[PDB]
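Enquirer:
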Amino acid sequence: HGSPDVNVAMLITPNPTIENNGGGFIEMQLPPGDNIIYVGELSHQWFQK
Amino acid sequence: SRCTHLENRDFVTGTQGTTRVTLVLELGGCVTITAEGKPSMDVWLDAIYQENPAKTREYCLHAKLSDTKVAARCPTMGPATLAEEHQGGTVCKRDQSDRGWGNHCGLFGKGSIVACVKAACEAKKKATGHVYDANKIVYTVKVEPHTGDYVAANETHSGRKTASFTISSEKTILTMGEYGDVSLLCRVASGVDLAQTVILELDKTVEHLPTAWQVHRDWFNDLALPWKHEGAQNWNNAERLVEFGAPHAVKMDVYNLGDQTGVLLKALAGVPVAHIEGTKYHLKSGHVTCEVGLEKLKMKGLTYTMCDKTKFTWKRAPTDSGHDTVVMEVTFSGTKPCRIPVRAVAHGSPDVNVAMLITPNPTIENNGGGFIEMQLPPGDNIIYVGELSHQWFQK
Amino acid sequence: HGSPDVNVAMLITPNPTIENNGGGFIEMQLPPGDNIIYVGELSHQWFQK
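Protein sequence lines correspond, in order, to chains A, B and C.
1 is the number of the first residue of the first sequence in my numbering; add one for each residue after it.
50 is the number of the first residue of the second sequence in my numbering; add one for each residue after it.
445 is the number of the first residue of the third sequence in my numbering; add one for each residue after it.
1. Measuring only the C-alpha atoms, how far is residue 156 (chain B) from residue 302 (chain B)?
2. For residue 34 (chain A), decide whether its Cβ has a neighbour in chain B, counting only Cβ atoms nearer than 8 Å.
3. Report yes or no: is there a C-beta of chain C within less than 8 Å of the C-beta of residue 232 (chain B)?
4. Smallest Cα separation from residue 119 (chain B): which of B:240, B:163, B:106, B:428?
5. Whole angstroms are fine: how far does the CA of residue 324 (chain B) sit from the CA of residue 286 (chain B)?
6. Starting from the beta carbon of residue 491 (chain C), find every residue of chain B whose beta carbon is closer than 7 Å, and list them in chain order.
7. Could you check where the alpha helix (DSSP H) with residue 312 (chain B) kicks off and where it finishes?
8. Pull up the CB-CB distance for residue 225 (chain B) and residue 346 (chain B), whole angstroms please, since I reckon it's below 8 Å.
9. Which residues mark the beginning and the end of the beta strand (DSSP E) in which residue 268 (chain B) is found?
10. With a 10 Å radius around its C-beta and 16 neighbouring C-beta atoms as the bar for buried, classify residue 6 (chain A) as buried or exposed.
11. Just to confirm the assignment, what range does the beta strand (DSSP E) spanning residue 218 (chain B) have?
12. Using a beta-carbon distance below 8 Å, is residue 216 (chain B) in contact with chain C?
13. Short check: CB of residue 261 (chain B) to CB of residue 272 (chain B), under 8 Å?
14. How would you call residue 482 (chain C), buried or exposed, if buried means at least 16 neighbouring beta carbons within 10 angstroms?
15. Going straight from the alpha carbon of residue 2 (chain A) to that of residue 21 (chain A), what length do you get?
16. Residues of the stretch 11-45 of chain A in Cβ contact with chain E at a cutoff of 8 Å, in chain order, please.
17. Check each candidate in B:328, B:144, B:138 and name the one with the smallest Cα separation from residue 299 (chain B).
18. Can you list the residues of chain A that residue 68 (chain B) reaches, using a CB-CB cut of under 9 Å?
19. Whether or not the stretch 425-439 of chain B and the stretch 356-365 of chain B are in contact is what I'm after, with contact meaning three or more pairs of Cβ atoms, one per stretch, closer than 8 Å; do they touch?
20. Nearest to residue 93 (chain B) by CA position, among B:395, B:391, B:315, B:235, is which residue?
21. Does the pairing of the stretch 158-172 of chain B with the stretch 185-196 of chain B give three or more beta-carbon distances under 8 Å?
22. Could you give the DSSP three-state label for residue 467 (chain C): helix, strand or coil?
23. Can you find the residues in the same chain that come closer than 7 Å, C-beta to C-beta, to residue 139 (chain B), ignoring five residues on each side of it along the sequence?
24. Whole-angstrom Cβ separation of residue 87 (chain B) and residue 170 (chain B), contact assumed at under 8 Å?
25. Applying a beta-carbon distance threshold of less than 8 Å, which residues of chain A neighbour residue 86 (chain B)?
26. Which stretch, first to last residue, makes up the beta strand (DSSP E) that contains residue 385 (chain B)?
27. Return the Cβ separation of residue 54 (chain B) and residue 202 (chain B) in integer angstroms, given the expectation that the two are a contact with Cβ distance under 8 Å.
28. Does the separation of the CB atoms of residue 54 (chain A) and residue 45 (chain A) fall below 8 Å?
29. Please classify residue 460 (chain C) as buried or exposed, where buried requires at least 16 other C-beta atoms within 10 Å of its C-beta.
30. Using a threshold of 8 Å, state whether the C-beta atoms of residue 78 (chain B) and residue 343 (chain B) are closer than that.
31. Give, in chain order, every residue of the stretch 352-386 of chain B whose Cβ lies closer than 7 Å to some Cβ of chain A.
32. Going by DSSP, what residue range makes up the beta strand (DSSP E) through residue 482 (chain C)?
33. Please check if any C-beta of chain A sits within less than 8 Å of the C-beta of residue 65 (chain B).
34. CB residue 190 (chain B) to CB residue 332 (chain B), shorter than 8 Å?
35. What is the rounded straight-line gap between the Cα of residue 181 (chain B) and the Cα of residue 314 (chain B)?
36. In angstroms, rounded to a whole number, what distance separates the CA positions of residue 350 (chain B) and residue 200 (chain B)?
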């Protein structure tokens, strides 16, 4: 929250993709505090910890 | 936004992770809640009242006296008596008058005399007290989403919702139109203690007076006026408004102390007013703490394209809100719906956006949008709504 | 009031029942303070003391 330029997401799921019959589940780690998760233009507030 | 209508306004802000917010709402106040990724909300305690509270005593402010009767006996004839001396609803005084041949007695001496009057109360001259039951008192809370539409105080915002709370029903879930659901947990037990409160009512139909007062129970119970229970036929201590003159021969005058309303009103100056609306007895001052759940709220218009930067004009130029924020309203002549490209820069630094928006994701809908409230740093700034600009000196 | 999970009613009337031609009167003891009495979904506020 406040620094829209720095990506702070550490992905556990490798190269997330939407296959013809799968994909979509993502697991990631975020730093403590208020963050906003973006999947393209889709967004979600997230307070970590 | 409703909160912009009053001077008493607070701003509550939830940061990253903040999903719940605890507020202390006060009658006459208003709270603007803002939170990252959530549409902003205006919340306020609107009323505190109880319908048909229990009545304690009724007091009489102006006695209506009638049917004065006097009985007198000569010095050797024994006690004077009247049937009224034993009836309720009469005030009597027994005394002795000087008698002799001049007023037809055989002896010159003291003779028994008794005078009585029927005592009632003038129509609409009562002062009645009412007491609250914490279990029946209702607290009304209103919520209004920030929709980018400005509505004046005499107008009704279509998105405003109302929630009522009693001690036995502390939680409500409200559906804020397309913004999602908001949960409200307000605890009436956290409200005003009413043990020593009495709502005093005179004649609520009098035009140049408040309809009620909030007074202390001990003061009310000590009023030196005739009193009775609602429903009772007669008054206790009616003698408090009646005086008897010294007797002379076979007569004794009865005096009425007049209307005590003026006397009471002097005592009531400086006492807080209350209000009665039909059967509802309202407090005009009070507070309650609520917990607001924001997790189910969603913003509107995030996937619209940006509005054409060339089609904005000012309907209401930027103006000081009185809450250290700037309010304004734009008109858009392009195709709707779309996101409004708003920003502001400090004079001399065109690269840094310094605008902190109160209004969430400003958009021009097919039939709304355009009102924006923001905060700017002190000094000279320039507000931009696309290519539309406006100078603004903050402070 | 505030603890909907704990039953605080101490019944004087044993196994209250509605018979074909009787039942319905109940006498109970409650702890001091604000309580809510429930007879199924029927409820009633009760301040004890």
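In this text, a Cβ means the ideal position worked out from N, Cα and C, and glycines have one as well.
Expert: Inspection of the coordinates gives the following:
1. For residue 156 (chain B) and residue 302 (chain B), the distance between alpha carbons rounds to 24 Å.
2. Interface residue, yes.
3. No, residue 232 (chain B) lies away from the interface with chain C (no Cβ there is under 8 Å from its Cβ).
4. The shortest C-alpha separation from residue 119 (chain B) is found at B:163.
5. Taking the straight line from one Cα to the other gives about 29 Å.
6. Going along chain B in sequence order, the residues near residue 491 (chain C) (Cβ under 7 Å) are 184.
7. Segment 310-316, the alpha helix (DSSP H) holding residue 312 (chain B).
8. Rounded, the Cβ-Cβ distance is 7 Å, consistent with contact.
9. In the DSSP assignment, residue 268 (chain B) falls outside any beta strand (DSSP E) and lies within the alpha helix (DSSP H) extending over 266-270.
10. Sixteen is the threshold: since fewer than 16 other Cβ atoms of the shown chains lie within 10 Å of the Cβ of residue 6 (chain A), the residue is exposed.
11. Residue 218 (chain B) -> no beta strand (DSSP E), and no H or E assigned at all.
12. Taking 8 Å as the CB threshold, residue 216 (chain B) lines the interface with chain C.
13. In this structure, the beta-carbon distance from residue 261 (chain B) to residue 272 (chain B) does not fall below 8 Å.
14. Here residue 482 (chain C) is exposed: its Cβ has fewer than 16 other Cβ atoms, across all protein chains shown, within 10 Å.
15. When rounded, the distance between both Cα atoms is 37 Å.
16. Protein chains in the displayed structure are A, B and C, and chain E is not among them.
17. Nearest C-alpha to residue 299 (chain B): B:144.
18. Under the 9 Å cutoff, chain A gives 45, 47.
19. Of all C-beta pairs linking the stretch 356-365 of chain B to the stretch 425-439 of chain B, three or more are shorter than 8 Å, placing the two stretches in contact.
20. Comparing Cα-Cα distances from residue 93 (chain B) to each of B:395, B:391, B:315, B:235, the minimum goes to B:235.
21. Verdict: no, contact absent.
22. Coil at residue 467 (chain C), not helix or strand.
23. Cβ neighbours of residue 139 (chain B) within its own chain (closer than 7 Å, five residues either side excluded): 133, 165, 166, 167, 168.
24. The pair is not a contact, with the Cβ atoms about 59 Å apart (cut-off 8 Å).
25. Going along chain A in sequence order, the residues near residue 86 (chain B) (Cβ under 8 Å) are 36, 43, 44, 45.
26. It is not in any beta strand (DSSP E) - residue 385 (chain B) carries neither H nor E in the DSSP assignment.
27. About 5 Å; that satisfies the 8 Å criterion.
28. Absent from the model: residue 54 (chain A). The displayed extent of chain A is 1 to 49, so no value can be given.
29. Under this definition residue 460 (chain C) is an exposed residue.
30. No, Cβ-Cβ distance for residue 78 (chain B) and residue 343 (chain B) is not below 8 Å.
31. Correct list: 352.
32. According to the DSSP assignment, residue 482 (chain C) belongs to the beta strand (DSSP E) that extends over 477-483.
33. Yes - at least one Cβ of chain A is within 8 Å of the one on residue 65 (chain B).
34. It is not a contact, given that the beta carbons lie outside the stated cut-off.
35. When only Cα atoms are considered, residue 181 (chain B) and residue 314 (chain B) end up about 23 Å apart.
36. Computed Cα separation, rounded: 21 Å.
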